There are 2 protein chains.
Amino acid sequence: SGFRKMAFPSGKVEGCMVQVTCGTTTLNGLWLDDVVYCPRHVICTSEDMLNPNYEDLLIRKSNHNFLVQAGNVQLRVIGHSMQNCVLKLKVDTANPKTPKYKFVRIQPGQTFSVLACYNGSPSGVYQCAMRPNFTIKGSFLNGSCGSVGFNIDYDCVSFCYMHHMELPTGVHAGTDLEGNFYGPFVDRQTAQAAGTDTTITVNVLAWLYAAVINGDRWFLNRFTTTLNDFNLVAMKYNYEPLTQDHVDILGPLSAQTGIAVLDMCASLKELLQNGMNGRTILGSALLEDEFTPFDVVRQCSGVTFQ
Amino acid sequence: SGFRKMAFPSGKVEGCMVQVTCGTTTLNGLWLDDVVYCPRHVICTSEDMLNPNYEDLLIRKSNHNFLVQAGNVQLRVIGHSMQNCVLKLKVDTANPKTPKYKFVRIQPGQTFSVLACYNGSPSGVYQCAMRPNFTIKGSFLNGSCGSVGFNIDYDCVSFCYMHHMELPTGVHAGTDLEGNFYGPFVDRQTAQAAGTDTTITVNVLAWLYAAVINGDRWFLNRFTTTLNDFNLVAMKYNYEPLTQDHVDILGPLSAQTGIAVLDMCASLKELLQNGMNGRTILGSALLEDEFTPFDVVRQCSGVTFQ
């Protein structure tokens, strides 16, 4: 009885998107109060991003070279600063639709919503997790840089991601809103590996609890095991280790279903070594790891937030 | 290189949601211009929805018994009418954030975004298809009735669904915005089957083209076949028949990939009779049918709408 991947309402973020052009070359920015945030890649053409010295490139661009347009109206840029990999453009007008907001740096395994935007206009909204190798697996095509990822706590928006790069392997990399990349990546076009993309174990377990809360539980066995026993099977299949913190976090879901966390681990261990054998769980032929335990809590009794 | 299930931006719809209470019993309504639309189930308690005579129940409720609250502010109800399975509440205030909009009735295989709302507050947004048996497979918990489904054509919102019912099997049923149920379902709690949930063939094919546009095409064989040949394998696996209209609609995707529509049918026929054998396509272990060809066009060159 049903449990969709779904994103936060995006209205509060739509009201913050603008178009930023430098060298008539265009991408997205985020307008909060009287500051516009965008990737510092705006000042680059090519070669530049083949070998960019951002400090020297920024030397003789100036305030008037940054063209910021919002809705259909032009913002006046009255200053600018580079902080890590983002440019801050001070404008002389506060965004009168600025929401309550915070800037967070999140953590692999964390989920968030992305509002994919093209030259300042939002076109789609969807969910992802931050992967354990510090990439995300998004849908970003040309002009999408500067699109942001966000969470919400009923009223206030938690901005956690800004899109900068697509690696040659097709996965995506970006920064927090202070301009620091997640993981080892840089805003240049050379060579840079993503490491192993391990499965986020605690999220899979939360999703299995969701599946039970809706009655799709052929996979419930009876076996139990221990943390160490389970983790020894986890390395095998490049699942992230599970620890007590993650057991603790799953507590409310065990409380409600009556299924002990380590018993659910035992079903997962059996599934990893047996494979669905043609069955599905909640409409999926594989084990989904893009739901956190709190995501499940927002649905897993379908009662989000107050 | 990446292709997410993603919904339309929902901001234009968030601005239209209100809370409607009758018999201090509460659900969601849609406020456009000076009319609020909601399920006529608002006038029911239980028994009532066990055996509801809506005409007789509506007799001695009145304008003042309909409590409409939006934001934190109270709307004055100055009239009401029942049209099929929806109630229209005339209020004395136009919604000053009414978007451009149309009311459409869609067609099995059609996709749309749902803004799932709880006592007037939106909590999540996600995509679905209308199934060929006239159900959708949503995520709707208590108080969710009256949440709506919508498309967009750059500026104007196409409202196509209002949520009314969860069947005993766990799937969902509702109406268009004129109050006519999709399929055979009624707003009462007795017995009512959903028929066969066939797979939407033309959508699967569009998604296979998407997979190629991003390079995940081990499944490309070389076989071809005919419409009739393919459909004879389609019945087998309760896929919807494919016809010329659907071939026509896939034309732009064949044009760009160089893969003839019937050649792609031949890969699909091979996949249905061989199974992935442990492989994935675009992160899925099964064949996804919740993308239309035009959905793919909105991404499949990542260039939505103008």
Side-chain angles (χ1 to χ4, degrees), chain A residues 2 216 218-219 274-286, chain B residues 3 5 106-111 127-137 167 169-171 182-184 193-212 216-251 253-254 257 259-296:
Chain A
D216 192 18
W218 55 268
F219 63 84
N274 310 332
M276 2 283 308
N277 232 243
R279 301 173 200 120
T280 74
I281 293 172
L282 281 268
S284 191
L286 239 93
Chain B
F3 175 88
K5 195 84 71 201
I106 66 167
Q107 336 118 301
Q110 272 251 297
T111 55
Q127 207 61 6
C128 323
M130 175 69 57
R131 302 308 311 163
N133 64 3
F134 301 94
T135 65
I136 54 158
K137 290 233 58 182
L167 276 60
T169 61
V171 296
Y182 288 99
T196 299
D197 197 351
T198 50
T199 301
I200 308 158
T201 309
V202 65
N203 290 6
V204 173
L205 286 165
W207 173 80
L208 289 176
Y209 277 115
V212 176
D216 192 18
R217 54 274 139 89
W218 55 268
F219 63 84
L220 284 173
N221 68 44
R222 229 87 136 108
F223 308 157
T224 197
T225 224
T226 45
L227 253 189
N228 288 343
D229 184 274
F230 172 81
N231 283 337
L232 274 181
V233 192
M235 138 99 250
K236 302 194 163 198
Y237 293 88
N238 282 92
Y239 272 58
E240 289 295 89
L242 203 65
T243 65
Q244 187 69 53
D245 290 326
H246 324 141
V247 177
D248 284 356
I249 295 163
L250 291 167
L253 288 161
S254 31
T257 63
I259 300 181
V261 176
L262 284 166
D263 296 348
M264 193 67 87
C265 289
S267 251
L268 174 53
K269 164 185 162 170
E270 295 293 309
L271 285 168
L272 284 185
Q273 302 168 337
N274 310 332
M276 2 283 308
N277 232 243
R279 301 173 200 120
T280 74
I281 293 172
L282 281 268
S284 191
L286 239 93
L287 305 196
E288 216 343 335
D289 71 352
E290 317 252 280
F291 295 99
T292 63
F294 293 109
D295 282 341
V296 171

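Every heavy atom of this structure was used, including side-chain atoms; hydrogens, water molecules and symmetry mates were not. We name chains A, B, ... by the order of the sequence lines, and we start the count at 1 in each one.
Side-chain atoms of B/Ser267 come within 3.5 Å of backbone N or O of B/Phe219 as a donor-acceptor pair. In this structure, the side chain of B/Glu290 engages the main chain of B/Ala129 through a donor-acceptor pair within 3.5 Å. With B/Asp216 contributing its side chain and B/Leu282 its backbone, the two residues share a donor-acceptor pair below 3.5 Å. A donor-acceptor contact shorter than 3.5 Å links the side chain of B/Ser254 to the backbone of B/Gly251. Panel note: side chain A/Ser284, backbone A/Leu286; a donor-acceptor pair is recorded below 3.5 Å. The backbone N or O of B/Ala266 lies less than 3.5 Å from no partner atom in the side chain of B/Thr225, so there is not a single donor-acceptor pair. Looking at B/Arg131, its side chain does come within 3.5 Å of a backbone N or O of B/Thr198 through a donor-acceptor pair. A distance-only check finds no donor-acceptor pair linking the side chain of B/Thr280 to the backbone of B/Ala285 [under 3.5 Å].
Looking at B/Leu287 and B/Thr199, their side chains never come closer than 4.5 Å, going by heavy atoms from C-beta outward. Counting heavy atoms from C-beta on, the side chains of B/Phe230 and B/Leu262 never come closer than 4.5 Å. Between B/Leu208 and B/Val204, the closest side-chain pair of non-hydrogen atoms falls below 4.5 Å. B/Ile136 is listed as a side-chain neighbour of B/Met130, based on a closest heavy-atom distance under 4.5 Å.
Of all heavy-atom pairs between B/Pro293 and B/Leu253, the closest is O-CD1, 4.4 Å. Residues A/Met276 and A/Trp218 approach most closely at CA-CH2, 4.2 Å, considering heavy atoms. Counting all heavy atoms, side chain and backbone alike, B/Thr292 lies closest to B/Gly109 at CG2-O, 3.6 Å. Residue B/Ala194 comes nearest to B/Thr135 through the heavy atom pair CB-CG2, 3.8 Å, listed as atom of the first residue, atom of the second, then distance.
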With side chain to side chain contact (heavy atoms under 4.5 Å, CB included) as the test, would you mind laying out the steps for B/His246 and B/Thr201 before giving the verdict? CA-CA 9 Å; B/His246 324 141; B/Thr201 309; over 6 Å; no
Show the numbers, then the answer: is there a side chain to side chain contact (heavy atoms under 4.5 Å, CB included) between B/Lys269 and B/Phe223? CA-CA 9 Å; B/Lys269 164 185 162 170; B/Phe223 308 157; over 6 Å; no
Please report the C-alpha distance between B/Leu250 and B/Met264 in whole Å, then the side-chain angles of each, then the deciding distance to 0.1 Å, and finally whether the side chain to side chain contact (heavy atoms under 4.5 Å, CB included) criterion is met. CA-CA 11 Å; B/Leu250 291 167; B/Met264 193 67 87; over 6 Å; no
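In this model, no donor atom of one side chain and acceptor atom of the other lie less than 3.5 Å apart for B/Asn228 and B/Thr226. Residues B/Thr224 and B/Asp263 bring a donor and an acceptor atom of their side chains to less than 3.5 Å of each other. Under 3.5 Å, the side chains of B/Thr111 and B/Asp295 contain a donor-acceptor pair of N or O atoms.
Exactly one residue among B/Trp207, B/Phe291, B/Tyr209 makes a ring-ring contact (aromatic ring centres under 6.0 Å, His included) with B/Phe3. That residue is B/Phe291.
If you take CD1 on B/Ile259 and CG on B/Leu220, they are separated by 4.0 Å, rounding to the nearest 0.5 Å. With rounding to the nearest 0.5 angstrom, the CD1 atom of B/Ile249 is 9.5 Å from the CG atom of B/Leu242. A distance of 13.0 Å separates CG of B/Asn231 from NZ of B/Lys236, quoted to the nearest 0.5 Å.
Using a cutoff of 4.0 Å between basic side-chain nitrogens and carboxylate oxygens, B/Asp197 and B/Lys137 are not scored as salt-bridged.
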